[PDB]
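Taking the form deposited in one PDB entry, here's one chain by itself in structure tokens.
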């Protein structure tokens, strides 16, 4: 199996979002970036990037990679 996306998280705080992701993916390495950030094309299975808005709310669906 595998849970790789957290659509239910758009709009929630980073605090709330961490808590859920860690529940579902105990080994996740959570990265917090501002929306519009260009990342390196490297794929990492244990990583979860959160793309946040000005108030630190999840602005896009979190996904593994």
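Numbering follows the first chain given and starts at 1. Only residues modelled in both forms are compared. Just so we're on the same page, rigid core means the largest C-alpha set that superposes within 1.5 Å between forms.
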Return whichever of 20-28 and 38-46 has the greater mean Cα B factor according to the PDB record. 38-46
Take the C-alpha B-factors listed in the entry for 47-55 and for 9-17, compute each mean, and give the stretch with the larger one. 9-17
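This protein has a second form, the form deposited in another entry, left out of what is shown; the following refers to that one.
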Residue 16 C-alpha moves between the shown form and the other one by 2 Å or more, core aligned: no
Have a look at residue 54 and residue 28: in the other entry, are their Cα atoms closer together or farther apart than in this form, given the change is 3 Å or more? farther
Might you say whether the CA atoms of residue 41 and residue 12 end up closer or farther apart in the other entry than in this form? Their distance differs by 3 Å or more. closer
Residue runs between the shown form and the other one with every C-alpha shifted 2 Å or more, at least 3 long, rigid core fitted, in sequence order please. 39-65
